[PDB]
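Notes follow once the structure below has been shown.
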Amino acid sequence: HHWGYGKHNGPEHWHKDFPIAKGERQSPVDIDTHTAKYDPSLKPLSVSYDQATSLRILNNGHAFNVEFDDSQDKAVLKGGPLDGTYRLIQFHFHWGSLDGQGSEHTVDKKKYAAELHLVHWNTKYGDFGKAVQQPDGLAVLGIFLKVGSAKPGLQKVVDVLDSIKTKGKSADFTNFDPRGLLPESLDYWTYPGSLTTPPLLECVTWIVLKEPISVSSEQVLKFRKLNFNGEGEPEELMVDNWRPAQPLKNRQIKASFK
Ligand SMILES: NS(=O)(=O)c1ccc(NC(=S)Nc2ccc(F)cc2)cc1
Ligand SMILES: [Zn+2]
């Protein structure tokens, strides 16, 4: 697999190796805020990150992932649309070459500068690899980023990026608290979807927060200094690593709020 985000290997090409790219529950999607309906059946959302144990940060050639110890129930997501318990495994971002693009989900066609994805797997399936084969295997918490004031809780991530510039580089990243990446409100939209990168598996319950977080121009500029390429290869800046909105088809987006 040589997929990426370029003209020659980007989202318009993915279907050839991954035919589910044209499936019935692909992500991301545009969230039409007028058509999303308030759902009183949604239980309260519970984000329990007090015991989260970060381990490492990795440039995987597509984004960077902050990885967690998921060998026990240390950082979990429950409630909302979810049945049972979902364990945090990693977070990553998608972002643009400029501040007017970068998010995967859109809100009434508005694109944000970036989007954070906190990835969790359903513990009833035992491991991540088994969970991704199930329709209710993952829950991804999506948070929009807009450019304005700096996000203090992001700065530790920004400051380590110089050490993982190129594909395959990693750095120890212990003691990072993901609580510092959340907005105040947990109001959200939810719908059934997919991974937004190959293999595009239709295993995700998406939970997209309504309230963006603010980050500074300086913070996002540092994301844009990363490289898709490996060390000693021609430089290709890691920007515009987002998939565009996909057809909603036979899905409804539910709102947790009135
Ligand atoms: N952008 S996203 O939808 O949140 C997203 C979240 C997670 C992943 N894949 C990961 S962590 N590894 C993986 C490896 C082998 C598989 F067969 C399936 C997934 C991709 C996209
Ligand atoms: Zn993602």
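Worth knowing before you read on, the calculation uses all heavy atoms, side chains too, and leaves out hydrogens, waters and symmetry mates. All residue numbers refer to positions in the sequence shown, counting from 1. Order of appearance sets the numbers: ligands from 1, and atoms from 1 within every ligand.
Which of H92, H120, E115, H62 comes nearest to atom 4 (O) of ligand 1 through a heavy atom is settled by distance: it is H92.
Remark: minimum distance from atom 21 (C) of ligand 1 to any protein heavy atom is reached at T197 OG1, 3.2 Å. The protein heavy-atom contact nearest to atom 12 (N) of ligand 1 is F128 CE2, 3.8 Å. Scanning the protein for heavy atoms near atom 8 (C) of ligand 1, the closest one is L195 CD2, 4.0 Å.
Residue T196 has at least one N or O atom closer than 3.5 Å to an N or O atom of ligand 1. Remark: ligand 1 and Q90 share no N or O pair separated by less than 3.5 Å (distance only, no angle test).
Not a single heavy atom of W242 sits less than 4.0 Å from an atom of ligand 1.
Remark: at the Zn ion (ligand 2), atom NE2 from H94 and atom NE2 from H92 enclose 100°, rounded to the nearest 10 degrees.
Every atom of ligand 1 with a heavy atom of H117 under 4.0 Å away is listed here by number and element: 1 (N), 2 (S), 4 (O). Listed by number with element, the atoms of ligand 1 under 4.0 Å from a non-hydrogen atom of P199 are 16 (C), 17 (F), 18 (C). Listed by atom number, the atoms of ligand 1 under 4.0 Å from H94 heavy atoms are 1 (N).
Contact annotation: for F91 versus ligand 1, there are no heavy atoms closer than 4.0 Å.
Annotation: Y188 is not in aromatic contact with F257 [ring centroid separation under 6.0 Å not met]. Taking the six-membered ring wherever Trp is involved, the centroid distance between the rings of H105 and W189 does not fall below 6.0 Å. Ring centroids of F93 and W242 are separated by 6.0 Å or more, keeping the two rings apart.
With no hydrogens or angles considered, a side-chain donor-acceptor pair links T196 and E104 at under 3.5 Å.
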### Query
For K74 and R87, what are the C-alpha separation, side-chain angles and deciding distance, and is it a side chain to side chain contact (heavy atoms under 4.5 Å, CB included)?
CA-CA 7 Å; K74 285 166 174 247; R87 203 171 283 177; over 6 Å; no
### Message
Could you go through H92 and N241, starting from their C-alpha distance and side-chain angles, then the distance that decides it, and tell me whether this counts as side chain to side chain contact (heavy atoms under 4.5 Å, CB included)?
### Response
CA-CA 11 Å; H92 61 272; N241 60 350; over 6 Å; no
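The pair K249-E24 meets the salt-bridge criterion, since a charged nitrogen lies less than 4.0 angstrom from a carboxylate oxygen.
Looking only at its N/O/S atoms, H117 has ND1 as the one nearest to the Zn ion (ligand 2).
There is no protein heavy atom less than 4.0 angstrom from atom 15 (C) of ligand 1.
For the pair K146 and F144, the cation-pi criterion (under 6.0 Å, within 45° of the ring axis) is not fulfilled.
The ring-ring contact (aromatic ring centres under 6.0 Å, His included) test with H117 singles out one residue from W95, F91, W206, and that residue is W206.
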